[PDB]
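Student: PDB entry and its sequence, pasted below:
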Amino acid sequence: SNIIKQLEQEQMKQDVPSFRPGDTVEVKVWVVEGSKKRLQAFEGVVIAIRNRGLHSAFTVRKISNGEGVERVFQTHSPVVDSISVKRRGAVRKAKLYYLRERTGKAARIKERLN
Amino acid sequence: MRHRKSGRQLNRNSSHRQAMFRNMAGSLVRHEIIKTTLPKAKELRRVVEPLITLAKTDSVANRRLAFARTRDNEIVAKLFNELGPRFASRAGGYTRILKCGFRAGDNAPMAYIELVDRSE
Amino acid sequence: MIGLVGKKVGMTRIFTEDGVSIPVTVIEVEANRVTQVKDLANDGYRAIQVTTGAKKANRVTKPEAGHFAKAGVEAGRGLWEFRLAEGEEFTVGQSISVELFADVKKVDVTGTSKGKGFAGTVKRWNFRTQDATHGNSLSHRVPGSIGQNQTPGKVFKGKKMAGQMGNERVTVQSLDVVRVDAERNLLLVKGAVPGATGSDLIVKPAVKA
Amino acid sequence: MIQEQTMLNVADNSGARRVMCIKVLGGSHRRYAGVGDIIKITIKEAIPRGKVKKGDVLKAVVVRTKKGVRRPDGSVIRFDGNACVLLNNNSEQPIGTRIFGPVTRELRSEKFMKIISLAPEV
Amino acid sequence: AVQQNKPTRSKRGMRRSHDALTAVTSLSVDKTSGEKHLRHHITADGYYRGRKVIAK
RNA sequence: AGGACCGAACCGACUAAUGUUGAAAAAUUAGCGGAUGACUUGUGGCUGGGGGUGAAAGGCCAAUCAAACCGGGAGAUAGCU
RNA sequence: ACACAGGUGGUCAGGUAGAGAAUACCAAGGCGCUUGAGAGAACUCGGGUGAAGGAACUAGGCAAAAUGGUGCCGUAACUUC
RNA sequence: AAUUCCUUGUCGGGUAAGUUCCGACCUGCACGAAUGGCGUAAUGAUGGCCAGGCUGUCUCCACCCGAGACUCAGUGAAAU
RNA sequence: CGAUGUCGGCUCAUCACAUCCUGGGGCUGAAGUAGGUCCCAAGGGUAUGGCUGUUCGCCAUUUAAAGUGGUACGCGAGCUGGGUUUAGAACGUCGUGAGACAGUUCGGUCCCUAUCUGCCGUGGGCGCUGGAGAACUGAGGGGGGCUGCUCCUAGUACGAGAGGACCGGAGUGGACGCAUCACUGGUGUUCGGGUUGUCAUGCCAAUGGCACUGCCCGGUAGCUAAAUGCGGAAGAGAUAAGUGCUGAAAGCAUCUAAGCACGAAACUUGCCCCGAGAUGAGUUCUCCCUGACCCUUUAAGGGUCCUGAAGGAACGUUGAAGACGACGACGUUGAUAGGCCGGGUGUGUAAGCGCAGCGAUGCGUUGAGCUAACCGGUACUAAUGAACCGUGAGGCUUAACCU
Ligand SMILES: [Mg+2]
Ligand SMILES: [Mg+2]
Ligand SMILES: [Mg+2]
Ligand SMILES: [Mg+2]
Ligand SMILES: [Mg+2]
Ligand SMILES: [Mg+2]
Ligand SMILES: [Mg+2]
Ligand SMILES: [Mg+2]
Ligand SMILES: [Mg+2]
Ligand SMILES: [Mg+2]
Ligand SMILES: [Mg+2]
Ligand SMILES: [Mg+2]
Ligand SMILES: [Mg+2]
Ligand SMILES: [Mg+2]
Ligand SMILES: [Mg+2]
Ligand SMILES: [Mg+2]
Ligand SMILES: [Mg+2]
Ligand SMILES: [Mg+2]
Ligand SMILES: [Mg+2]
Ligand SMILES: [Mg+2]
Ligand SMILES: [Mg+2]
Ligand SMILES: [Mg+2]
Ligand SMILES: [Mg+2]
Ligand SMILES: [Mg+2]
Ligand SMILES: [Mg+2]
Ligand SMILES: [Mg+2]
Ligand SMILES: [Mg+2]
Ligand SMILES: [Mg+2]
Ligand SMILES: [Mg+2]
Ligand SMILES: [Mg+2]
Ligand SMILES: [Mg+2]
Ligand SMILES: [Mg+2]
Ligand SMILES: [Mg+2]
Ligand SMILES: [Mg+2]
Ligand SMILES: [Mg+2]
Ligand SMILES: [Mg+2]
Ligand SMILES: [Mg+2]
Ligand SMILES: [Mg+2]
Ligand SMILES: [Mg+2]
Ligand SMILES: [Mg+2]
Ligand SMILES: [Mg+2]
Ligand SMILES: [Mg+2]
Ligand SMILES: [Mg+2]
Ligand SMILES: [Mg+2]
Ligand SMILES: [Mg+2]
Ligand SMILES: [Mg+2]
Ligand SMILES: [Mg+2]
Ligand SMILES: [Mg+2]
Ligand SMILES: [Mg+2]
Ligand SMILES: [Mg+2]
Ligand SMILES: [Mg+2]
Ligand SMILES: [Mg+2]
Ligand SMILES: [Mg+2]
Ligand SMILES: [Mg+2]
Ligand SMILES: [Mg+2]
Ligand SMILES: [Mg+2]
Ligand SMILES: [Mg+2]
Ligand SMILES: [Mg+2]
Ligand SMILES: [Mg+2]
Ligand SMILES: [Mg+2]
Ligand SMILES: [Mg+2]
């Protein structure tokens, strides 16, 4: 596996801020129309962190102007530009999939403040 | 398909193998040698060797995990005191499988599983 | 050209700076050395015999050890053949690394699939399961009918029934080569090749395209 | 994975509150519909003063699926709730005026500029 | 699931031609005792490879 | 108070699956109907073959019923096999 | 017919939770059911879980799934009230 | 219509689409007044039909846990 | 008639061509697009639903098309049992009545462990003739062969106008098949955590058992599809219908009679797979064995002693291999498996103690402890030395080069 781990460590981007599930992250992504390369934001709550080397992916949930929007993010992909966390949450789960039913006031969590 | 799946089933429940291996482990930390079939002996080696490795360092918390599984103060007493300091320098396999004849009742390929403590 | 013999070593992703992920399989192709060449003057056809790997001093048997001795090469873990394309004669002892794929764009991979044992008809041939309710007694995943009646009077040669699925040599063709890691002795192909992670692969340039 | 008998939601001001996909258009024997695939729907629930009523057999286009849409890096975008935008059978233009509930960038295919112009997000 | 004719005593013996047993064809002779025992199995005396491993 | 309601014992047996050379010559598993009554049940009696009994199916009368079983007419008869 | 998953009236019948003899875990006491050991295929039976959709299944929502408790609020057409 | 053969009669409702269903029109092959006629609150392991809920019934199965099947040891059938 | 289970549905099909589509053409009252019709063609493909027991049919919405039939109107030792012909009941009608009705309606046990043939997979024995170990050739079989839409050509040709090409090329999808888990998800009763009841480890604190895994929330490996890649073909050869050239019989004419060239998803290959039991049992490379005595109907003979190689098998540690055999790696000159160490990953701040509070509990220690199959190393345990099988130069005749 020294073959794989070599090809895996050379392509991961080494500046990812360590966040946790519960943190309200703010993700900037390279959206293009082919011609116009533009950066747009995506504010949401970190639902799950599936961290596994280069294949690491995390998902966030934004309750938009319509309904809830969730999207996973290939952590080491070039389309993900900035993942600056806004605020920090305090929960007791590794994956917050129960929020997929919780809406409005029931879907708010606390903060660490350590 | 069974591809890369480990742990034998031994035609029993998950609640049966949990308690069968719990008592069969306790007999070997009470006599140091036992006679059994190969597919039980190949598996008893999988639950005692990690148990002795756990009993390598005496602790309050380790003796809880040594008592959570194996549920016996006596076997825990034989560990950490006798079998803890005995295998401190041996690094790895703490038991030995020795095959023998067959059961006359049902033709089971028996085997002797023993701790490496014959030489006294 | 001819093709090389490698070993399937897992698969990863290769990110493009456009932003598209590419499912890439890593193929370990070491220095393929040629044990024997064949010509129409003695063999009736034109092909070479390669070998790769390294056996042990006690394992390479006497008939095998003399075969590697005639070339004067090391004893690899297997022997294969590659039909020659009319103008590419090699020498006995020649070591081909990976460079034949420096200009190849599409390759074909050949290897033994994963064995799945005695697979059922709904799994081996994608037959549809019957109704698992309403009245169905003791027959949910069976094939059902296997022939007509008196007129045929027999089951036809070639009926899809239950049997051995997998563990056979297959060839997934027209795979694009991503990157030829020549100095690491690799080969990156877009997609998925047959075989478990460690079973050999006969990779060869695309004959169809 | 939107297929026949799927009860959707309407994502614009056209008059319906809940429609049901009756057949996925496109290819023969087509099982499920995807991102911006055209489907034939019927109206099961409606508002009183709408441009449409119960039982209208008009076309639509999926917009938000509960299954998602996978961007070419593997980043899926998973909405919560099936939704669609109603069409105008013969001419395929959206019969609705203001589309609420964000759409996906895969609709930008020269026939749905009118939808991605009137959408709030994405 | 029923036979139409009966099979012969020929067809019966042909079928049992694979059911013949195989002998072990080799007995390992021990170093210390010199008993003949199965490979990788302890002796009937209870030794193995040169050591009293049964302790009986 | 109730031929009341939900629901165990008990009685009954609507559906499905298993079984159907079975564990059983009608049962088991998971659900079901009644469950203070026209109820269920133990014990001992009474009604008998053209007769008995029957909230009536031509059901039941010792695993047999549009006329039981046993013995005797009787080795009935058979233009049929 | 058997060392047969069936049938057989009456009595005693504890602790904790619970409305209860329901049901669950235990006491006393009695048993592990008279073939076992391995492997971990299809397939069969007893079950668990399931992305999106939700009867599109089929003779039929068969079977599963589901609802399920105690207080309180509140409860239509029709009605012999 | 437990009755209507012709017939899926015809109109209306339910449905994207309704030989069944509900409300009516009378051309009732061949309803009809204690072999009772027409309605009827409640009840039904009753028949038919619809909607909500709900789910692997299904689109299309995938996986897992046990009991057989598979292998070895003992005993050892059956229809035919 | 000492028994052939009569409809339809589910499933799995296979063949015919009188062809529904795609393909190749003639004619057209064929401008173009779209159609009509006939000839050639069976390679592949050839709806989901509402009502009905229905096949069928009608209807709705799609599709390139939603073909026509045979195969006990294919398929119940494969499954349903709704319809129809069992025992119950009622209505209409007929009959004095018992009852009766291709009139109707409600309810009604569908059995079998496969000897043989066949078919799908998989081994043993022997042959292949000196034996053994590998790699191939390839006879001969099988799988695969579908196709829409959009754009460019060009909004050109054609056409008053409206409309709107063949050919050629590129791209993107539907259905189906193969392969694979890196991603997106599912399962994950062998990992972690939460929690109800109760019992127990003497008790508190912590844990274990049972209650469908007790009930739930997540999750490694593996498996897997809804996920991700790939595939049909291009080309070549010979043809069908058809188009022709030259061209006599018949001074002409004519595709045909001699001769020649074009001409389809059908045929033969090209693509992939099985494949020398192809008894016509093939080819190449390499390795191994070159010891002595008796009887003799003196023969490709029988026997003994001395030697038994290459290799295989056996046993063993097992495997992304597998029902059982078989196949692959390894057998200490060792990494095959278990364990162990580190790491990753998963679950989320263990236990104990300290502190705040009457307390539940919180905070700190600490994103800790526990971590299954996963990744890389390390012989600590187990793969023991031997033994068993298999032999000792390989027949005759003939020919070609050497002797
Ligand atoms: Mg393993
Ligand atoms: Mg067993
Ligand atoms: Mg089906
Ligand atoms: Mg039934
Ligand atoms: Mg049955
Ligand atoms: Mg069943
Ligand atoms: Mg046998
Ligand atoms: Mg009764
Ligand atoms: Mg019951
Ligand atoms: Mg009850
Ligand atoms: Mg009595
Ligand atoms: Mg007589
Ligand atoms: Mg007389
Ligand atoms: Mg018994
Ligand atoms: Mg009994
Ligand atoms: Mg009590
Ligand atoms: Mg109490
Ligand atoms: Mg009880
Ligand atoms: Mg006790
Ligand atoms: Mg199993
Ligand atoms: Mg379930
Ligand atoms: Mg729903
Ligand atoms: Mg039910
Ligand atoms: Mg239930
Ligand atoms: Mg009518
Ligand atoms: Mg009508
Ligand atoms: Mg009347
Ligand atoms: Mg009267
Ligand atoms: Mg009446
Ligand atoms: Mg009436
Ligand atoms: Mg009643
Ligand atoms: Mg419904
Ligand atoms: Mg046996
Ligand atoms: Mg007969
Ligand atoms: Mg019939
Ligand atoms: Mg062809
Ligand atoms: Mg249908
Ligand atoms: Mg139809
Ligand atoms: Mg309906
Ligand atoms: Mg009757
Ligand atoms: Mg063989
Ligand atoms: Mg062929
Ligand atoms: Mg074209
Ligand atoms: Mg997951
Ligand atoms: Mg789970
Ligand atoms: Mg106590
Ligand atoms: Mg306590
Ligand atoms: Mg627990
Ligand atoms: Mg061609
Ligand atoms: Mg030609
Ligand atoms: Mg011609
Ligand atoms: Mg043909
Ligand atoms: Mg081959
Ligand atoms: Mg040897
Ligand atoms: Mg082997
Ligand atoms: Mg080493
Ligand atoms: Mg190891
Ligand atoms: Mg971690
Ligand atoms: Mg804490
Ligand atoms: Mg705990
Ligand atoms: Mg570790």
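Tutor: Noted; the coordinates are in hand. Numbering: from 1, shown residues only, chains lettered A, B, ... in the order given. Ligands and ions are numbered 1, 2, ... in the order given.
Student: residue contacts, residue A:58?
Tutor: Neighbouring residues of residue A:58 by Cβ atoms under 8 Å, 6 or more residues apart in numbering or on different chains: A:19, A:46, A:47, A:48, A:49, A:50, A:51, A:72, A:73, A:75. In short, each C-beta sits where N, CA and C put it, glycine included.
Student: so the last one is in contact with residue A:14, correct?
Tutor: No: with contact defined as Cβ atoms under 8 Å, residue A:75 does not count as touching residue A:14 (11.5 Å).
Student: so between those two, which is more surrounded?
Tutor: A side-by-side neighbour count of residue A:75 and residue A:14, using other Cβ atoms under 10 Å in any protein chain shown, places residue A:75 first with 21 against 6.
Student: may I have the phi/psi pair for that one?
Tutor: phi -60, psi -40 (degrees, to the nearest 10).
Student: list the contacts of it.
Tutor: A:16, A:51, A:56, A:57, A:58, A:83 are the contacts of residue A:75 under Cβ under 8 Å, 6+ apart.
Student: so which residues on chain C come close to chain A?
Tutor: C:9-10, C:12-19, C:21, C:26, C:28, C:184, C:186 (Cβ under 8 Å from any Cβ of the partner chain).
Student: which among the residues you listed gets closest to residue C:173?
Tutor: Closest approach between these and residue C:173, by Cβ to Cβ: residue C:26, at 18.9 Å.
Student: just the element for the closest one, please.
Tutor: Taking DSSP states H and E as the criterion, residue C:26 maps to strand C:21-28.
Student: got the buried residues for that strand?
Tutor: By neighbour count on 16 or more other Cβ atoms under 10 Å in any protein chain shown, the buried set for strand C:21-28 is C:21, C:22, C:24, C:25, C:26, C:27, C:28.
Student: now for those: which two are most distant?
Tutor: Across the buried residues of strand C:21-28, the longest distance by Cβ to Cβ is 22.0 Å; it joins C:21 and C:28.
Student: what ranges does the chain have for its helices?
Tutor: Picked chain A for this. Ranges of helices within chain A are A:2-9, based on DSSP state H.
Student: actually chain D
Tutor: D:113-117.
Student: hang on, isn't residue B:118 packed against residue B:112?
Tutor: No: using Cβ under 8 Å, residue B:118 makes no contact with residue B:112, being 10.7 Å away.
Student: tell me which of these two has more neighbours.
Tutor: residue B:112 (20 against 13).
Student: for the closest residue to residue C:123 other than its chain neighbours, give me its contacts.
Tutor: Nearest residue to residue C:123 in three dimensions, chain neighbours excluded: residue C:165, at 6.8 Å (Cβ to Cβ, 6 or more residues apart in numbering or on different chains). Taking Cβ under 8 Å, 6+ apart, we find residue C:165 in contact with C:116, C:117, C:118, C:119, C:123, C:124.
Student: close to RNA strand G, is stretch D:102-116?
Tutor: No: using Cβ under 7 Å from any atom of the strand, stretch D:102-116 stays clear of RNA strand G, coming no nearer than 15.0 Å.
Student: is that stretch positioned near RNA strand I?
Tutor: No: Stretch D:102-116 stays clear of RNA strand I (Cβ under 7 Å from any atom of the strand), getting no nearer than 7.8 Å.
Student: quick check, that stretch touching chain C?
Tutor: No: judged by Cβ under 8 Å from any Cβ, stretch D:102-116 stays clear of chain C, getting no closer than 12.8 Å.
Student: measure that stretch end to end?
Tutor: 9 Å (Cα to Cα, to the nearest Å).
Student: identify each buried residue in that stretch, please.
Tutor: For stretch D:102-116, by 16+ other Cβ under 10 Å, it's D:102, D:103, D:104, D:106, D:107, D:112, D:115, D:116.
Student: one step back: quick check on the residues of chain C next to chain A: which are buried?
Tutor: C:9, C:10, C:12, C:13, C:14, C:15, C:19, C:21, C:26, C:28, C:186.
Student: ok now the helix or strand the fifth one falls within, how far from the chain's centre?
Tutor: It refers to residue C:14. Assigned by DSSP H and E, residue C:14 belongs to strand C:4-15. Put simply, strand C:4-15 sits 13 Å off its chain's centre (Cα atoms, centre = their mean, to the nearest Å).
Student: output the contacting helices and strands for that strand.
Tutor: Counting contacts by 3 or more Cβ pairs under 8 Å, 6 or more residues apart in numbering or on different chains; DSSP states H and E, strand C:4-15 packs against helix A:2-9, strand C:21-28, strand C:200-205.
Student: out of the ones you listed, which comes closest to residue C:50?
Tutor: Between the helices and strands packed on strand C:4-15, strand C:200-205 lies closest to residue C:50; by Cβ to Cβ that is 9.7 Å.
Student: neighbouring strands for that closest one, and are they parallel or not?
Tutor: Here strand C:200-205 has these sheet partners by DSSP bridges: strand C:4-15 (antiparallel), strand C:106-112 (antiparallel).
Student: which parts of the chain are strands?
Tutor: Going with chain A. A:24-32, A:37-50, A:57-63, A:68-74, A:80-82, A:85-87, A:89-90, A:110-111 (DSSP state E).
Student: wrong one, I was asking about chain E
Tutor: In chain E, the strands defined using DSSP E lie at E:28-29, E:36-37, E:47-48, E:51-52.
Student: can you say which of those is nearest to RNA strand I?
Tutor: strand E:28-29 (3.6 Å; Cβ to the nearest atom of the strand).
Student: indicate whether the closest one makes contact with RNA strand I.
Tutor: Yes: using Cβ under 7 Å from any atom of the strand, strand E:28-29 reaches RNA strand I at E:28, E:29.
Student: which non-adjacent residue is nearest residue E:40?
Tutor: Closest residue to residue E:40 apart from its sequence neighbours, by Cβ to Cβ, 6+ apart: residue B:99 at 5.5 Å.
Student: list the beta-bridge partners for the one you found.
Tutor: residue B:111, residue E:41.
Student: tell me, how many residues neighbour residue A:51?
Tutor: Counted with other Cβ under 10 Å, residue A:51 comes out at 12.
Student: quick one: it and RNA strand F, what's the gap?
Tutor: 44 Å (Cβ to the nearest atom of the strand, to the nearest Å).
Student: need the residue closest to the centroid of chain D.
Tutor: Against the mean C-alpha coordinate of chain D, by Cα atoms, centre = their mean, the closest residue is residue D:84 at 2.2 Å.
Student: without its sequence neighbours, what residue ends up closest to that residue?
Tutor: residue D:60 (4.2 Å).
Student: so what's the one you found up against?
Tutor: D:8, D:19, D:21, D:38, D:39, D:40, D:41, D:84, D:85, D:86, D:87.
Student: if we use 10 Å, what do you get?
Tutor: By Cβ atoms under 10 Å, 6 or more residues apart in numbering or on different chains, residue D:60 lies in contact with D:2, D:8, D:10-11, D:14, D:16, D:19, D:21, D:25, D:33, D:37-41, D:83-87, D:94-95.
Student: please apply the same query to residue C:185.
Tutor: Shown in contact with residue C:185 (Cβ under 10 Å, 6+ apart): A:3, C:6, C:27, C:28, C:29, C:30, C:31, C:97, C:98.
Student: again with residue C:164
Tutor: Here residue C:164 is in contact with C:115, C:116, C:117, C:118, C:119, C:124 (Cβ under 10 Å, 6+ apart).
Student: ok, residue E:37 next?
Tutor: B:100, B:101, E:27, E:28, E:29, E:30, E:43, E:44, E:45, E:47, E:48.
Student: including neighbour count and distance to chain A, could those go into a markdown table?
Tutor: Compiled in a markdown table, the contacts of residue E:37 are given as follows (neighbours: other Cβ atoms under 10 Å in any protein chain shown; distance: Cβ to the nearest Cβ, whole Å):
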| residue | neighbour count | distance to chain A |
| --- | --- | --- |
| B:100 | 21 | 40 |
| B:101 | 15 | 43 |
| E:27 | 11 | 45 |
| E:28 | 14 | 41 |
| E:29 | 9 | 46 |
| E:30 | 17 | 44 |
| E:43 | 21 | 45 |
| E:44 | 14 | 48 |
| E:45 | 15 | 48 |
| E:47 | 18 | 44 |
| E:48 | 21 | 39 |
